[PDB]
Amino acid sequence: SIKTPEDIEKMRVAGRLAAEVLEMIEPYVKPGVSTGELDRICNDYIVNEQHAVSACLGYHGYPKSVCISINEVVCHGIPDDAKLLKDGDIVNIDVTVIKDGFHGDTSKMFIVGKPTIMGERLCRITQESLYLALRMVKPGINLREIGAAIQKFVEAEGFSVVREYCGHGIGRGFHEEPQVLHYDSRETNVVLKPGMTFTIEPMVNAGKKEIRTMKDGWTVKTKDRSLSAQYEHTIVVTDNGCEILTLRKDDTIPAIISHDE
């Protein structure tokens, strides 16, 4: 659907809150901390200070407030008090908050302690794949072209793109049309129009693209157990580009990307 200026302003607020959760949690992502504790810190912040709510809790039965994925875990990892972070771990914390009826969905990678060269490389390339997609967003561009560009870049940099999960429209609904694939698919044919709001969240594997879903129905891992990284931003298509609604202080791209002169 096409969001009204009123809807978009509410999404700016929700997106900002989701981003602030990631900015807040940063210092706590240290060796020795449990993902369960990280989840509590995030949830307490969302509820007690932001006065919002996690869109994750109860969603299709999801048991926690945020998703925390480590190393070979591709996405939707479930916070656990017994899972401790250690040196070299690459960790994704995926936050989705609902505020004033609208969603803000975003995630970023954190590297614990001493980084490993490939771990840093994978995260760097993954974020750049997201940035490349973001710089392409504007009315007239087809989602298929965006997916194709992400895949071309990721593969050109020696990595692979997960196919089973994708970006998505977002608003009063957590996941709305359309699907935002991060690869070139013949199924995709959506011409972007101003007012559309959706996420871009490429999952990149250091090894092969194949994944495997654990018994809990949420935790997804790389089939070859290679590392997997992901970054996600919620955006709104503007008349001449896009506006990132979940930008953080550490992002190295501006919130508004216009293609004018």
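Take the two forms, superpose them, and find the largest set of C-alpha atoms that agree within 1.5 Å; that set is the rigid core. One-based numbering along the sequence shown.
Chemist: Compare 129-137 with 153-161 and report which one shows the larger root mean square C-alpha deviation from this form in 9 other deposited structures of this protein once the rigid core is superposed.
Modeler: The answer is 153-161, which departs more from the shown form in 9 other deposited structures of this protein.
Chemist: After a core fit, does 211-219 or 190-198 show the bigger CA gap to the shown form in 9 other deposited structures of this protein?
Modeler: Per-stretch check in 9 other deposited structures of this protein: the more divergent one is 211-219.
Chemist: Comparing 49-57 with 202-210, which stretch shows the greater average C-alpha B-factor in the deposited entry?
Modeler: So the stretch with the higher mean C-alpha B-factor is 49-57.
Chemist: Which wins on mean Cα temperature factor, 31-39 or 218-226?
Modeler: Higher of the two, by average CA B-factor, is 218-226.
Chemist: Whose CA atom has the top B-factor in the entry, of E128, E177, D94, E155?
Modeler: When the deposited C-alpha B-factors of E128, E177, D94, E155 are compared, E177 is largest.
Chemist: In this PDB entry, which of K99, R121, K138, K108 has the top CA B-factor?
Modeler: Reading the PDB entry, the winner on C-alpha B-factor is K99.
Chemist: Report the third (lowest, middle or highest) to which the CA temperature factor of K249 belongs, ranking only the modelled residues of the same chain.
Modeler: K249: CA B-factor falls in the highest third of its chain.
Chemist: Consider only the C-alpha atoms of the modelled residues in this chain, order them by B-factor as the entry records it, and name the third containing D89: lowest, middle or highest.
Modeler: It falls in the bottom third of the chain.
Chemist: Could you look up the Cα B-factor of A148 in the entry and say which third of the chain it sits in: lowest, middle or highest?
Modeler: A148: CA B-factor falls in the lowest third of its chain.
Chemist: Would you mind checking where the Cα B-factor of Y183 ranks among the modelled residues of its chain, as the lowest, middle or highest third?
Modeler: For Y183, the deposited C-alpha B-factor lands in the middle third.
Chemist: Where does the C-alpha B-factor of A82 rank in its chain, lowest, middle or highest third?
Modeler: Highest third - that is where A82 ends up once the chain's C-alpha B-factors are sorted.
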